[PDB]
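Quick look at start.csv (CSV, C-alpha atoms):
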```
chain,number,residue,atom,x,y,z
B,1,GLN,CA,-55.2,62.0,107.9
B,2,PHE,CA,-55.7,63.2,104.4
B,3,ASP,CA,-52.2,62.4,103.1
B,4,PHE,CA,-52.6,63.9,99.7
B,5,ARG,CA,-49.8,62.3,97.8
B,6,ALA,CA,-50.5,58.8,99.1
B,7,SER,CA,-54.2,59.0,98.2
B,8,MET,CA,-54.3,59.8,94.5
B,9,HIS,CA,-55.1,57.0,92.1
B,10,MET,CA,-54.9,56.4,88.4
B,11,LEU,CA,-58.2,55.1,87.1
B,12,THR,CA,-57.7,53.2,83.8
B,13,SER,CA,-60.6,52.6,81.6
B,14,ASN,CA,-61.3,52.7,77.8
B,15,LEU,CA,-61.7,55.6,75.4
B,16,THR,CA,-64.8,54.8,73.5
B,17,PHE,CA,-67.4,52.0,73.0
B,18,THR,CA,-70.6,51.8,71.0
B,19,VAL,CA,-72.9,49.6,73.2
B,20,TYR,CA,-75.5,47.8,71.1
B,21,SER,CA,-78.3,46.2,73.2
B,22,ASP,CA,-80.4,44.1,70.7
B,23,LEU,CA,-78.6,42.2,68.0
B,24,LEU,CA,-81.2,40.6,65.8
B,25,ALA,CA,-82.1,44.1,64.5
B,26,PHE,CA,-79.2,43.7,62.1
B,27,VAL,CA,-80.0,40.5,60.2
B,28,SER,CA,-82.8,40.5,57.6
B,29,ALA,CA,-84.0,36.9,57.1
B,30,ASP,CA,-86.1,35.6,54.2
B,31,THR,CA,-88.0,32.5,53.3
B,32,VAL,CA,-87.9,30.4,50.2
B,33,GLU,CA,-91.2,29.8,48.4
B,34,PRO,CA,-93.3,27.6,50.7
B,35,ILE,CA,-94.1,25.0,48.1
B,36,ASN,CA,-90.3,24.4,48.1
B,37,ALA,CA,-90.2,24.0,51.9
B,38,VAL,CA,-87.9,21.3,53.1
B,39,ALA,CA,-88.2,19.1,56.2
B,40,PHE,CA,-85.4,17.5,58.1
B,41,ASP,CA,-85.1,14.9,55.3
B,42,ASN,CA,-84.6,16.6,52.0
B,43,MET,CA,-88.0,15.8,50.6
B,44,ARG,CA,-90.5,18.6,50.9
B,45,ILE,CA,-93.4,18.9,53.4
B,46,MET,CA,-96.8,18.7,51.8
B,47,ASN,CA,-95.4,16.9,48.8
B,48,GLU,CA,-98.4,14.9,47.8
B,49,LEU,CA,-101.2,15.7,45.4
E,1,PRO,CA,-110.9,0.9,43.9
E,2,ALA,CA,-112.2,-1.6,41.3
E,3,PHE,CA,-109.3,-3.9,42.1
E,4,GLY,CA,-109.2,-3.1,45.8
E,5,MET,CA,-105.7,-1.8,45.7
E,6,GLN,CA,-104.4,1.0,47.8
E,7,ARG,CA,-104.8,4.4,46.2
E,8,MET,CA,-101.4,5.6,44.9
E,9,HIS,CA,-99.2,8.2,46.7
E,10,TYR,CA,-98.4,10.3,43.7
E,11,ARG,CA,-96.0,13.1,44.7
E,12,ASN,CA,-95.8,16.4,42.7
E,13,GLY,CA,-93.4,16.3,39.8
E,14,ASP,CA,-92.6,12.6,39.6
E,15,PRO,CA,-91.1,11.8,36.1
E,16,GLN,CA,-93.6,8.9,35.6
E,17,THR,CA,-97.2,9.9,34.7
E,18,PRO,CA,-99.7,7.9,36.8
E,19,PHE,CA,-100.7,5.7,33.9
E,20,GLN,CA,-97.1,4.8,33.2
E,21,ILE,CA,-96.7,3.9,36.9
E,22,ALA,CA,-100.0,1.9,37.1
E,23,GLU,CA,-99.3,-0.4,34.2
E,24,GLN,CA,-96.5,-1.9,36.3
E,25,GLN,CA,-98.5,-2.0,39.6
E,26,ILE,CA,-101.6,-3.6,38.1
E,27,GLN,CA,-102.0,-7.3,37.6
E,28,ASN,CA,-104.9,-7.6,35.2
E,29,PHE,CA,-104.4,-8.2,31.5
E,30,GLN,CA,-107.2,-6.3,29.8
E,31,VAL,CA,-106.9,-3.0,31.8
E,32,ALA,CA,-103.1,-3.3,31.6
E,33,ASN,CA,-103.5,-3.5,27.8
E,34,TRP,CA,-105.4,-0.2,27.6
E,35,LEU,CA,-103.0,1.5,30.0
E,36,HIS,CA,-100.2,0.4,27.6
E,37,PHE,CA,-101.9,2.1,24.7
E,38,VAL,CA,-102.4,5.4,26.5
E,39,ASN,CA,-98.8,5.4,27.7
E,40,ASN,CA,-97.6,4.9,24.1
E,41,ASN,CA,-100.2,6.9,22.1
E,42,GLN,CA,-98.1,9.3,20.0
E,43,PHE,CA,-98.3,11.3,16.9
E,44,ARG,CA,-96.3,9.8,14.0
E,45,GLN,CA,-94.4,12.6,12.2
E,46,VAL,CA,-94.4,11.6,8.5
E,47,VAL,CA,-93.8,13.9,5.6
E,48,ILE,CA,-96.5,13.8,3.0
E,49,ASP,CA,-96.5,15.8,-0.3
```
Write-out of the structure in structure tokens:
Amino acid sequence: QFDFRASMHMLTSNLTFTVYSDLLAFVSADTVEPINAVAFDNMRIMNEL
Amino acid sequence: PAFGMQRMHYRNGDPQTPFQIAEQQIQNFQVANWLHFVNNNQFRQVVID
């Protein structure tokens, strides 16, 4: 039977979101001048002359 | 190449110019006496008249 008072329900969710899909559209990276480009040790790659 | 030594790894921006770093690495006497004059050839600031 459709017992009305026993079949209602309180659905609890949030008020507002702002769903962002892609995240690396926010940072804006740069590069130092490639003659001052540093390897894993702190001398520079292509150092020699 | 005249002495058969290995050609020098001279990195960019070393504080020693490659005649001042090849009077120590060379073992002759007459071409290490000319490389001493070039490393210490300087103007002599004197006041005249």
Excluding residue E:24 and any residue of its chain fewer than 5 positions from it, enumerate the residues within 10 Å of it, using all atoms listed in the file, and give them as a ChimeraX atom specification. /E:19,32,35-36
Near chain B, meaning an atom within 9 Å, which residues of chain E appear when counting only C-alpha atoms? Write them as JSON, numbers by chain. {"E": [9, 10, 11, 12]}
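One finds atom CA of residue E:26 at 11.1 Å from atom CA of residue E:6.
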How many Å separate atom CA of residue B:14 from atom CA of residue B:2? 29.1 Å
In Å, with one decimal, what is the gap from atom CA of residue E:18 to atom CA of residue B:36? 22.1 Å
